[PDB]
Amino acid sequence: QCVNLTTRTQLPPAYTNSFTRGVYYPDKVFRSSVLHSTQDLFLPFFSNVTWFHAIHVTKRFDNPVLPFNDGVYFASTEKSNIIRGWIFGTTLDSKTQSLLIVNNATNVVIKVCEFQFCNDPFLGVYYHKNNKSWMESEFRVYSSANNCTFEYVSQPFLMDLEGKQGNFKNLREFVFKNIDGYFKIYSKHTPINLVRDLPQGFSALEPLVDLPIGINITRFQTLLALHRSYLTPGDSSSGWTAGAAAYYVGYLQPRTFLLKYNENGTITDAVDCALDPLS
Amino acid sequence: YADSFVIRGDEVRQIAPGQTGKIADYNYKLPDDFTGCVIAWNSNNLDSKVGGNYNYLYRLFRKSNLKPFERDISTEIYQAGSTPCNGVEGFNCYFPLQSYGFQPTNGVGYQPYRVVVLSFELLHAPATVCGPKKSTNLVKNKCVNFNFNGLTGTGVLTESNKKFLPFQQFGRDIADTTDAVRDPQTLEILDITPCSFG
Amino acid sequence: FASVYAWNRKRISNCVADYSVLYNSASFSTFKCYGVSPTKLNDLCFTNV
Ligand SMILES: *[C@@H]1O[C@H](CO)[C@@H](O[C@@H]2O[C@H](CO)[C@@H](O)[C@H](O)[C@H]2NC(C)=O)[C@H](O)[C@H]1NC(C)=O
Ligand SMILES: CCCCC/C=C\C/C=C\CCCCCCCC(=O)O
Ligand SMILES: *[C@@H]1O[C@H](CO)[C@@H](O)[C@H](O)[C@H]1NC(C)=O
Ligand SMILES: *[C@@H]1O[C@H](CO)[C@@H](O)[C@H](O)[C@H]1NC(C)=O
Ligand SMILES: *[C@@H]1O[C@H](CO)[C@@H](O)[C@H](O)[C@H]1NC(C)=O
Ligand SMILES: *[C@@H]1O[C@H](CO)[C@@H](O)[C@H](O)[C@H]1NC(C)=O
Ligand SMILES: *[C@@H]1O[C@H](CO)[C@@H](O)[C@H](O)[C@H]1NC(C)=O
Ligand SMILES: *[C@@H]1O[C@H](CO)[C@@H](O)[C@H](O)[C@H]1NC(C)=O
Ligand SMILES: *[C@@H]1O[C@H](CO)[C@@H](O)[C@H](O)[C@H]1NC(C)=O
């Protein structure tokens with residue numbers, strides 16, 4: 001079960017500005033009504049982030065292999081749960097170990113073993129009209145998984161998978177770092193109402209997890225979900241509809257920031273001490 | 001976390017921050033900012049047979065040193081010369097892993113040693129291990145010596161209005177002294193005020 | 001090897017000091033450097049060895 005998709009149109013890349021996005025709590029200490037200076041791997045203010053989409057009607061299923069230089073800020077604007085996870089590694093071809101974080105329609109799965117990934121890994125939801133339901137059908141990521149070292153599976157649930165038609169209602173932001181064999185993930189979810197072009201504002205990402213994976217990471221790739229129904233004839237490689245989602249990628253560098261904690265202990269503003277002379 | 005393995009007797013000195021050698025270069029690297037202990041003991045009575053014990057392996061060739069706490073379990077043919085090997089293991093192309101030969105009549109420097117490396121952090125986040133120490137009751141509104149999750153001090157404890165996020169245990173002021181703490185049994189926040197004044 | 005009372009001293013010059021070749025055929029029970037870090041020995045260049 002591993003296909004090379006087609007019926008995809010050509011386009012050059014798109015870029016966008018990050019308006020003071022991508023700040024996280026740098027420790028686990030409580031601070032209140034203070035300005036704290038901190039040096040760490042941050043996403044510089046007003047950075048040039050890359051923009052990827054997937055709207056059909058034009059088809060655009062972007063999931064190329066991107067570098068993972070020193071850490072990654074990843075943002076996703078969606079309404080119908082299209083981005084499902086990522087794969088991280090160096091060669092991604094079963095000669096080396098790789099990490100997979102994925103969200104099935106029922107569990108979250110984290111696995112750090114030897115995968116043989118495809119050229120076009122994805123998941124796939126099928127839509128029936130006779131039966132009133134969107135259901136999870138395909139999981140086409142890897143061929144083999146031999147010498148696993150780390151494994152975690154969350155408690156079972158069930159997502160919605162239902163395709164909406166409004167505007168982007170959910171923003172999800174992640175920061176991925178990889179130091180001393182620890183893969184650290186910071187995360188924040190926010191309710192929005194938007195049409196494109198990742199918004200402005202300020203929200204600080206809170207620590208999500210530290211995985212002790214101990215592997216080398218230099219590249220990564222995003223896992224998207226597909227849509228198949230009675231209107232997608234194809235065979236299995238041309239009969240698919242994309243959906244609607246967008247995601248943005250930027251890279252962290254070592255900077256000094258000045259964070260502001262209000263009286264309740266929340267970071268509400270920051271200054272990038274190397275953006276301008278004013279800062 | 002506890003990391004466990006078995007090495008030769010001569011290489012136990014290489015399990016330390018800032019060391020060189022094949023174990024520290026290609027197999028197991030410790031960070032320079034290391035916190036925790038290294039424990040090692042002789043196990044010649046369990047890991048050696050009279051014909052030899054070739055179950056324990058080690059990596060002998062690599063293109064670059066490892067990063068701290070990184071693990072490489074690949075078995076590609078190492079090209080040491082100036083020719084592609086196409087994975088056939090010929091001349092100037094070696095198999096990366098070799099085997100320890102543990103016989104009970106080896107010198108002490110060639111006998112197997114079992115190594116456990118315990119790694120942890122101290123006094124910043126919520127902890128769950130603790131020691132054998134026993135707890136007491138909570139005395140508020142008085143000058144007491146206190147020991148909260150290993151953090152010692154002196155002062156007056158009072159009920160607080162600060163509200164910590166679930167991943168927080170201590171609170172610090174601008175002078176970086178601990179002025180708030182979450183009680184590890186009742187999960188209530190307390191303020192710590194010094195005792196001398198005036 | 002020599003006796004400790006009449007120890008031997010040898011001059012070394014004009015050669016690359018790639019000590020990784022000692023990994024297969026040698027195992028040392030004591031190795032300690034003074035004035036330099038073992039992790040820096042591969043980047044340096046040595047005088048009067
Ligand atoms: C730690 O143990 C203590 C008892 O040793 C628990 O205290 C109980 O808390 C409940 C509140 O739900 C009271 O009704 C009981 O009377 C308490 N017992 C005593 C002896 O005071 C405490 O709940 C334990 N910690 C946790 C997280 O449950
Ligand atoms: C003639 C001898 C070569 C002289 C080279 C001079 C300087 C080179 C510096 C250090 C060489 C150290 C050799 C021991 C390596 C042991 C590695 C280990 O297992 O820890
Ligand atoms: C997919 O395309 C690649 C070339 O880009 C090829 O090597 C591979 O064999 C193809 N696999 C399938 C299933 O078509
Ligand atoms: C981002 O970098 C590319 C590199 O060519 C450039 O074309 C583009 O204008 C840049 N975007 C911004 C907003 O500066
Ligand atoms: C999702 O994938 C994991 C990976 O093994 C699997 O254990 C789980 O059962 C899958 N989900 C369902 C609903 O089976
Ligand atoms: C709905 O019908 C489809 C076939 O069209 C079937 O595959 C699926 O299992 C059914 N699900 C439920 C809940 O009936
Ligand atoms: C990984 O798989 C290969 C081939 O199946 C095997 O030789 C090797 O021992 C495995 N790794 C471990 C750690 O056992
Ligand atoms: C936290 O402060 C905000 C204003 O910054 C305020 O609206 C809110 O009520 C405070 N939270 C409480 C009540 O603790
Ligand atoms: C990480 O993988 C790359 C593959 O391009 C390799 O060159 C590099 O040496 C690896 N990391 C280390 C520390 O060797």
# chains A, B, ... in the order shown; residues from 1 in each chain; ligands from 1
call {"tool": "residues_around", "arguments": {"residues": "residue A:64", "least_positions_apart": "6", "cutoff": "12 Å", "atoms": "only C-alpha atoms", "output": "list in words"}}
result
residues 13, 50, 51, 52, 53, 86, 87, 118, 119, 120, 121, 122, 219, 220, 221, 222, 223, 224 and 249 of chain A
call {"tool": "write_last_selection", "arguments": {"atoms": "C-alpha atoms", "output": "tab-separated table (two decimals), in the first residue's frame"}}
result
chain	number	residue	atom	x	y	z
A	13	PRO	CA	6.62	28.82	-3.45
A	50	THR	CA	7.17	29.58	3.93
A	51	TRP	CA	3.53	28.98	3.06
A	52	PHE	CA	2.02	25.67	1.91
A	53	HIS	CA	-1.56	24.92	1.00
A	86	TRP	CA	5.08	14.61	10.89
A	87	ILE	CA	8.01	12.33	10.22
A	118	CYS	CA	7.13	6.43	0.76
A	119	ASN	CA	7.65	9.31	-1.64
A	120	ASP	CA	4.08	10.49	-0.89
A	121	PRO	CA	2.98	9.43	2.60
A	122	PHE	CA	-0.54	10.33	3.60
A	219	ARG	CA	14.89	16.71	7.54
A	220	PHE	CA	11.17	16.36	8.13
A	221	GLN	CA	7.90	16.04	6.26
A	222	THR	CA	4.23	16.69	6.96
A	223	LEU	CA	1.45	14.10	6.89
A	224	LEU	CA	-1.81	15.23	5.28
A	249	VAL	CA	7.19	26.81	8.41
call {"tool": "residues_around", "arguments": {"residues": "stretch 21-26 of chain C", "least_positions_apart": "5", "cutoff": "8 Å", "atoms": "only C-alpha atoms", "output": "list in words"}}
result
residues 21, 22 and 60 of chain B
call {"tool": "write_last_selection", "arguments": {"atoms": "N, CA, C and O atoms", "output": "short mmCIF file (atom, residue, chain, number, x, y, z; two decimals), in the first residue's frame"}}
result
data_model
loop_
_atom_site.label_atom_id
_atom_site.label_comp_id
_atom_site.auth_asym_id
_atom_site.auth_seq_id
_atom_site.Cartn_x
_atom_site.Cartn_y
_atom_site.Cartn_z
N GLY B 21 38.15 8.36 22.87
CA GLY B 21 38.20 6.92 22.77
C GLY B 21 37.01 6.41 21.99
O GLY B 21 36.06 7.13 21.72
N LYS B 22 37.08 5.12 21.64
CA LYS B 22 36.07 4.60 20.73
C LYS B 22 34.70 4.50 21.39
O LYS B 22 33.69 4.68 20.71
N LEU B 60 33.10 0.15 15.85
CA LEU B 60 34.52 0.43 15.72
C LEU B 60 34.84 1.52 14.71
O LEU B 60 35.87 2.17 14.84
#
call {"tool": "residues_near_ligand", "arguments": {"ligand": "ligand 3", "cutoff": "6 Å", "atoms": "only C-alpha atoms and all ligand atoms", "output": "ChimeraX atom specification"}}
result
/A:2-4
call {"tool": "write_last_selection", "arguments": {"atoms": "N, CA and C atoms", "output": "mmCIF file, in the first residue's frame"}}
result
data_model
loop_
_atom_site.group_PDB
_atom_site.id
_atom_site.type_symbol
_atom_site.label_atom_id
_atom_site.label_comp_id
_atom_site.auth_asym_id
_atom_site.auth_seq_id
_atom_site.Cartn_x
_atom_site.Cartn_y
_atom_site.Cartn_z
ATOM 1 N N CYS A 2 1.324 1.675 -1.170
ATOM 2 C CA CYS A 2 2.118 2.890 -1.206
ATOM 3 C C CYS A 2 2.144 3.432 -2.627
ATOM 4 N N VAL A 3 1.568 4.619 -2.816
ATOM 5 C CA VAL A 3 1.291 5.141 -4.150
ATOM 6 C C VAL A 3 2.032 6.452 -4.362
ATOM 7 N N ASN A 4 2.233 6.785 -5.633
ATOM 8 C CA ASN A 4 2.841 8.037 -6.048
ATOM 9 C C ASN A 4 1.649 8.768 -6.641
#
call {"tool": "interface_residues", "arguments": {"of": "chain C", "to": "chain B", "cutoff": "8 Å", "atoms": "only C-alpha atoms", "output": "count of residues only"}}
result
9
call {"tool": "interface_residues", "arguments": {"of": "chain A", "to": "chain B", "cutoff": "10 Å", "atoms": "only C-alpha atoms", "output": "JSON, numbers by chain"}}
result
{"A": [27, 28, 29, 30, 31, 32, 33, 34, 35, 36, 94, 95, 96, 97, 114, 147, 179, 180, 181, 182, 206, 207, 208, 212, 213, 214, 215, 216, 263, 264, 265, 266]}
call {"tool": "residues_near_ligand", "arguments": {"ligand": "ligand 6", "cutoff": "10 Å", "atoms": "only C-alpha atoms and all ligand atoms", "output": "number ranges by chain"}}
result
A: 126-137
call {"tool": "write_last_selection", "arguments": {"atoms": "N, CA, C and O atoms", "output": "PDB file, in the first residue's frame"}}
result
ATOM      1  N   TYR A 126     -12.727   8.567   3.698  1.00  0.00           N
ATOM      2  CA  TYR A 126     -13.702   8.253   2.667  1.00  0.00           C
ATOM      3  C   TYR A 126     -15.085   8.724   3.095  1.00  0.00           C
ATOM      4  O   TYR A 126     -15.451   8.619   4.269  1.00  0.00           O
ATOM      5  N   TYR A 127     -15.849   9.236   2.133  1.00  0.00           N
ATOM      6  CA  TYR A 127     -17.144   9.849   2.385  1.00  0.00           C
ATOM      7  C   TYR A 127     -18.236   9.078   1.658  1.00  0.00           C
ATOM      8  O   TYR A 127     -18.215   8.981   0.427  1.00  0.00           O
ATOM      9  N   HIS A 128     -19.193   8.556   2.417  1.00  0.00           N
ATOM     10  CA  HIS A 128     -20.346   7.852   1.873  1.00  0.00           C
ATOM     11  C   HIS A 128     -21.584   8.728   2.015  1.00  0.00           C
ATOM     12  O   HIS A 128     -21.705   9.480   2.986  1.00  0.00           O
ATOM     13  N   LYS A 129     -22.500   8.637   1.049  1.00  0.00           N
ATOM     14  CA  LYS A 129     -23.791   9.295   1.233  1.00  0.00           C
ATOM     15  C   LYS A 129     -24.855   8.324   1.718  1.00  0.00           C
ATOM     16  O   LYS A 129     -25.683   8.680   2.563  1.00  0.00           O
ATOM     17  N   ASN A 130     -24.866   7.105   1.181  1.00  0.00           N
ATOM     18  CA  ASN A 130     -25.797   6.088   1.645  1.00  0.00           C
ATOM     19  C   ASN A 130     -25.703   5.948   3.159  1.00  0.00           C
ATOM     20  O   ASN A 130     -26.715   6.029   3.859  1.00  0.00           O
ATOM     21  N   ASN A 131     -24.470   5.815   3.642  1.00  0.00           N
ATOM     22  CA  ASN A 131     -24.179   5.770   5.064  1.00  0.00           C
ATOM     23  C   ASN A 131     -23.849   7.224   5.385  1.00  0.00           C
ATOM     24  O   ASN A 131     -23.132   7.875   4.624  1.00  0.00           O
ATOM     25  N   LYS A 132     -24.372   7.750   6.487  1.00  0.00           N
ATOM     26  CA  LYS A 132     -24.147   9.153   6.825  1.00  0.00           C
ATOM     27  C   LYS A 132     -22.843   9.305   7.606  1.00  0.00           C
ATOM     28  O   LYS A 132     -22.867   9.463   8.831  1.00  0.00           O
ATOM     29  N   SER A 133     -21.702   9.304   6.914  1.00  0.00           N
ATOM     30  CA  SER A 133     -20.447   9.288   7.657  1.00  0.00           C
ATOM     31  C   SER A 133     -19.239   9.535   6.768  1.00  0.00           C
ATOM     32  O   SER A 133     -19.170   9.039   5.641  1.00  0.00           O
ATOM     33  N   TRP A 134     -18.285  10.284   7.311  1.00  0.00           N
ATOM     34  CA  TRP A 134     -16.897  10.297   6.874  1.00  0.00           C
ATOM     35  C   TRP A 134     -16.121   9.331   7.758  1.00  0.00           C
ATOM     36  O   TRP A 134     -16.183   9.438   8.987  1.00  0.00           O
ATOM     37  N   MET A 135     -15.399   8.391   7.150  1.00  0.00           N
ATOM     38  CA  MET A 135     -14.658   7.409   7.929  1.00  0.00           C
ATOM     39  C   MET A 135     -13.207   7.359   7.476  1.00  0.00           C
ATOM     40  O   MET A 135     -12.893   7.606   6.310  1.00  0.00           O
ATOM     41  N   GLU A 136     -12.324   7.022   8.416  1.00  0.00           N
ATOM     42  CA  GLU A 136     -10.898   6.901   8.136  1.00  0.00           C
ATOM     43  C   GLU A 136     -10.632   5.598   7.398  1.00  0.00           C
ATOM     44  O   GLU A 136     -10.942   4.518   7.910  1.00  0.00           O
ATOM     45  N   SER A 137     -10.049   5.690   6.208  1.00  0.00           N
ATOM     46  CA  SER A 137      -9.872   4.521   5.360  1.00  0.00           C
ATOM     47  C   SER A 137      -8.420   4.136   5.118  1.00  0.00           C
ATOM     48  O   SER A 137      -8.046   2.999   5.403  1.00  0.00           O
TER      49      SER A 137
END
call {"tool": "atom_distance", "arguments": {"atom1": "atom CA of residue A:81", "atom2": "atom CA of residue A:198"}}
result
16.8 Å
call {"tool": "residues_near_ligand", "arguments": {"ligand": "ligand 5", "cutoff": "12 Å", "atoms": "only C-alpha atoms and all ligand atoms", "output": "VMD selection string"}}
result
chain A and resid 84 100 to 112 123 135 to 142 145 151 to 159
call {"tool": "write_last_selection", "arguments": {"atoms": "C-alpha atoms", "output": "short mmCIF file (atom, residue, chain, number, x, y, z; two decimals), in the first residue's frame"}}
result
data_model
loop_
_atom_site.label_atom_id
_atom_site.label_comp_id
_atom_site.auth_asym_id
_atom_site.auth_seq_id
_atom_site.Cartn_x
_atom_site.Cartn_y
_atom_site.Cartn_z
CA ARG A 84 -2.14 14.82 11.07
CA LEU A 100 6.91 9.39 13.47
CA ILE A 101 4.23 11.44 15.24
CA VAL A 102 0.80 10.73 13.80
CA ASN A 103 -2.86 11.23 14.66
CA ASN A 104 -5.12 8.42 13.52
CA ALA A 105 -8.80 9.06 13.79
CA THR A 106 -8.64 7.34 17.20
CA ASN A 107 -5.15 7.56 18.78
CA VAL A 108 -1.97 9.62 18.81
CA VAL A 109 1.02 7.43 17.95
CA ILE A 110 4.69 8.25 18.52
CA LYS A 111 7.25 5.75 17.27
CA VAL A 112 11.02 5.93 16.90
CA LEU A 123 -3.75 9.28 5.28
CA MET A 135 -14.66 7.41 7.93
CA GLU A 136 -10.90 6.90 8.14
CA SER A 137 -9.87 4.52 5.36
CA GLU A 138 -6.21 4.65 4.27
CA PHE A 139 -2.95 4.93 6.23
CA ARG A 140 -0.15 4.88 3.65
CA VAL A 141 3.03 6.06 5.36
CA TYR A 142 5.64 3.29 5.54
CA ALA A 145 9.29 -0.95 10.71
CA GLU A 151 6.80 3.76 21.35
CA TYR A 152 3.86 5.65 22.84
CA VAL A 153 0.13 5.35 22.12
CA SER A 154 -2.43 7.72 23.65
CA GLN A 155 -5.84 6.79 25.06
CA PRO A 156 -8.48 6.14 22.39
CA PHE A 157 -10.79 8.85 21.11
CA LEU A 158 -12.60 9.71 17.88
CA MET A 159 -12.09 12.86 15.82
#
call {"tool": "closest_residue", "arguments": {"among": "A:165, A:63, A:149, A:256", "to": "ligand 7", "atoms": "only C-alpha atoms and all ligand atoms"}}
result
A:149
call {"tool": "atom_distance", "arguments": {"atom1": "atom CA of residue A:193", "atom2": "atom CA of residue A:244"}}
result
14.3 Å
call {"tool": "residues_around", "arguments": {"residues": "residue A:275", "least_positions_apart": "2", "cutoff": "12 Å", "atoms": "only C-alpha atoms", "output": "ChimeraX atom specification"}}
result
/A:20,43-47,255-257,270-273,277-279
call {"tool": "residues_near_ligand", "arguments": {"ligand": "ligand 4", "cutoff": "7 Å", "atoms": "only C-alpha atoms and all ligand atoms", "output": "number ranges by chain"}}
result
A: 15-17, 48
call {"tool": "write_last_selection", "arguments": {"atoms": "N, CA and C atoms", "output": "short mmCIF file (atom, residue, chain, number, x, y, z; two decimals), in the first residue's frame"}}
result
data_model
loop_
_atom_site.label_atom_id
_atom_site.label_comp_id
_atom_site.auth_asym_id
_atom_site.auth_seq_id
_atom_site.Cartn_x
_atom_site.Cartn_y
_atom_site.Cartn_z
N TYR A 15 5.59 33.02 0.31
CA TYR A 15 6.21 33.45 1.55
C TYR A 15 5.29 34.41 2.28
N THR A 16 5.51 34.54 3.58
CA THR A 16 4.66 35.36 4.43
C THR A 16 5.53 35.89 5.56
N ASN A 17 5.02 36.88 6.28
CA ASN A 17 5.72 37.48 7.41
C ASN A 17 5.17 36.92 8.71
N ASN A 48 10.65 35.64 7.42
CA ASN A 48 10.09 35.19 6.16
C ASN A 48 9.78 33.70 6.25
#
call {"tool": "select_by_dssp", "arguments": {"residues": "stretch 108-159 of chain A", "states": "strand (DSSP E or B)", "output": "PyMOL selection string"}}
result
chain A and resi 108-113+115-128+133-145+150-153
call {"tool": "residues_near_ligand", "arguments": {"ligand": "ligand 1", "cutoff": "9 Å", "atoms": "only C-alpha atoms and all ligand atoms", "output": "VMD selection string"}}
result
chain B and resid 184 to 187
call {"tool": "write_last_selection", "arguments": {"atoms": "C-alpha atoms", "output": "CSV table (one decimal), in the first residue's frame"}}
result
chain,number,residue,atom,x,y,z
B,184,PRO,CA,3.2,18.6,46.9
B,185,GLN,CA,0.4,16.9,49.0
B,186,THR,CA,-2.5,19.4,49.1
B,187,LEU,CA,-1.6,21.1,45.8
call {"tool": "atom_distance", "arguments": {"atom1": "atom CA of residue B:114", "atom2": "atom CA of residue B:34"}}
result
20.1 Å
call {"tool": "residues_near_ligand", "arguments": {"ligand": "ligand 9", "cutoff": "8 Å", "atoms": "only C-alpha atoms and all ligand atoms", "output": "list in words"}}
result
residues 90, 91, 216, 217 and 218 of chain A; 63, 64, 65, 66 and 67 of chain B
call {"tool": "write_last_selection", "arguments": {"atoms": "N, CA, C and O atoms", "output": "PDB file, in the first residue's frame"}}
result
ATOM      1  N   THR A  90      16.886  11.630   8.948  1.00  0.00           N
ATOM      2  CA  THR A  90      17.926  12.086   8.035  1.00  0.00           C
ATOM      3  C   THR A  90      17.771  11.531   6.626  1.00  0.00           C
ATOM      4  O   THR A  90      17.733  12.307   5.673  1.00  0.00           O
ATOM      5  N   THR A  91      17.680  10.215   6.461  1.00  0.00           N
ATOM      6  CA  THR A  91      17.497   9.634   5.138  1.00  0.00           C
ATOM      7  C   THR A  91      16.091   9.112   4.892  1.00  0.00           C
ATOM      8  O   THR A  91      15.686   9.027   3.730  1.00  0.00           O
ATOM      9  N   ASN A 216      19.465  11.336  15.225  1.00  0.00           N
ATOM     10  CA  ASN A 216      19.914  12.495  14.467  1.00  0.00           C
ATOM     11  C   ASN A 216      18.792  12.913  13.531  1.00  0.00           C
ATOM     12  O   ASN A 216      18.167  12.063  12.894  1.00  0.00           O
ATOM     13  N   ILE A 217      18.508  14.209  13.476  1.00  0.00           N
ATOM     14  CA  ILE A 217      17.415  14.740  12.671  1.00  0.00           C
ATOM     15  C   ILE A 217      17.943  15.889  11.830  1.00  0.00           C
ATOM     16  O   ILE A 217      18.550  16.824  12.360  1.00  0.00           O
ATOM     17  N   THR A 218      17.714  15.818  10.522  1.00  0.00           N
ATOM     18  CA  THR A 218      18.104  16.889   9.623  1.00  0.00           C
ATOM     19  C   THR A 218      17.019  17.256   8.626  1.00  0.00           C
ATOM     20  O   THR A 218      17.135  18.301   7.982  1.00  0.00           O
TER      21      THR A 218
ATOM     22  N   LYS B  63      31.951   7.814  10.671  1.00  0.00           N
ATOM     23  CA  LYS B  63      32.411   8.986   9.938  1.00  0.00           C
ATOM     24  C   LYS B  63      32.552  10.218  10.820  1.00  0.00           C
ATOM     25  O   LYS B  63      33.304  11.131  10.469  1.00  0.00           O
ATOM     26  N   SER B  64      31.848  10.274  11.943  1.00  0.00           N
ATOM     27  CA  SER B  64      31.952  11.411  12.844  1.00  0.00           C
ATOM     28  C   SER B  64      31.601  10.953  14.247  1.00  0.00           C
ATOM     29  O   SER B  64      30.952   9.926  14.441  1.00  0.00           O
ATOM     30  N   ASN B  65      32.028  11.739  15.226  1.00  0.00           N
ATOM     31  CA  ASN B  65      31.692  11.439  16.602  1.00  0.00           C
ATOM     32  C   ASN B  65      30.195  11.587  16.830  1.00  0.00           C
ATOM     33  O   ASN B  65      29.483  12.243  16.070  1.00  0.00           O
ATOM     34  N   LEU B  66      29.719  10.966  17.897  1.00  0.00           N
ATOM     35  CA  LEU B  66      28.319  11.042  18.264  1.00  0.00           C
ATOM     36  C   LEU B  66      28.026  12.353  18.979  1.00  0.00           C
ATOM     37  O   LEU B  66      28.918  13.016  19.507  1.00  0.00           O
ATOM     38  N   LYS B  67      26.752  12.716  18.998  1.00  0.00           N
ATOM     39  CA  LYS B  67      26.280  13.792  19.845  1.00  0.00           C
ATOM     40  C   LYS B  67      25.907  13.235  21.211  1.00  0.00           C
ATOM     41  O   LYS B  67      25.667  12.035  21.352  1.00  0.00           O
TER      42      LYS B  67
END
call {"tool": "select_by_dssp", "arguments": {"residues": "stretch 23-145 of chain B", "states": "helix (DSSP H, G or I)", "output": "JSON, numbers by chain"}}
result
{"B": [23, 24, 25, 26, 27, 108, 109, 110]}
call {"tool": "write_last_selection", "arguments": {"atoms": "N, CA, C and O atoms", "output": "PDB file, in the first residue's frame"}}
result
ATOM      1  N   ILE B  23      34.644   4.250  22.691  1.00  0.00           N
ATOM      2  CA  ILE B  23      33.348   4.173  23.355  1.00  0.00           C
ATOM      3  C   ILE B  23      32.707   5.549  23.427  1.00  0.00           C
ATOM      4  O   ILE B  23      31.510   5.708  23.166  1.00  0.00           O
ATOM      5  N   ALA B  24      33.491   6.566  23.767  1.00  0.00           N
ATOM      6  CA  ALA B  24      32.976   7.920  23.873  1.00  0.00           C
ATOM      7  C   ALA B  24      32.790   8.593  22.525  1.00  0.00           C
ATOM      8  O   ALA B  24      32.001   9.533  22.427  1.00  0.00           O
ATOM      9  N   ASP B  25      33.479   8.138  21.487  1.00  0.00           N
ATOM     10  CA  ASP B  25      33.345   8.711  20.157  1.00  0.00           C
ATOM     11  C   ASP B  25      32.250   8.071  19.328  1.00  0.00           C
ATOM     12  O   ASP B  25      31.513   8.780  18.651  1.00  0.00           O
ATOM     13  N   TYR B  26      32.115   6.748  19.357  1.00  0.00           N
ATOM     14  CA  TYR B  26      31.232   6.062  18.431  1.00  0.00           C
ATOM     15  C   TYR B  26      30.050   5.368  19.084  1.00  0.00           C
ATOM     16  O   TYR B  26      29.115   4.995  18.372  1.00  0.00           O
ATOM     17  N   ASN B  27      30.054   5.178  20.398  1.00  0.00           N
ATOM     18  CA  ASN B  27      29.033   4.358  21.033  1.00  0.00           C
ATOM     19  C   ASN B  27      28.170   5.120  22.023  1.00  0.00           C
ATOM     20  O   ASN B  27      26.943   5.090  21.908  1.00  0.00           O
ATOM     21  N   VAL B 108      42.006  -8.461  34.105  1.00  0.00           N
ATOM     22  CA  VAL B 108      40.929  -7.651  34.661  1.00  0.00           C
ATOM     23  C   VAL B 108      40.546  -6.537  33.696  1.00  0.00           C
ATOM     24  O   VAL B 108      39.380  -6.136  33.625  1.00  0.00           O
ATOM     25  N   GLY B 109      41.501  -6.060  32.900  1.00  0.00           N
ATOM     26  CA  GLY B 109      41.201  -5.010  31.948  1.00  0.00           C
ATOM     27  C   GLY B 109      40.404  -5.482  30.751  1.00  0.00           C
ATOM     28  O   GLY B 109      39.951  -4.667  29.950  1.00  0.00           O
ATOM     29  N   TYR B 110      40.238  -6.790  30.596  1.00  0.00           N
ATOM     30  CA  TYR B 110      39.470  -7.343  29.491  1.00  0.00           C
ATOM     31  C   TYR B 110      38.212  -8.060  29.942  1.00  0.00           C
ATOM     32  O   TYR B 110      37.544  -8.685  29.118  1.00  0.00           O
TER      33      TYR B 110
END
call {"tool": "closest_residue", "arguments": {"among": "A:19, A:144, A:124, A:66", "to": "ligand 7", "atoms": "only C-alpha atoms and all ligand atoms"}}
result
A:144
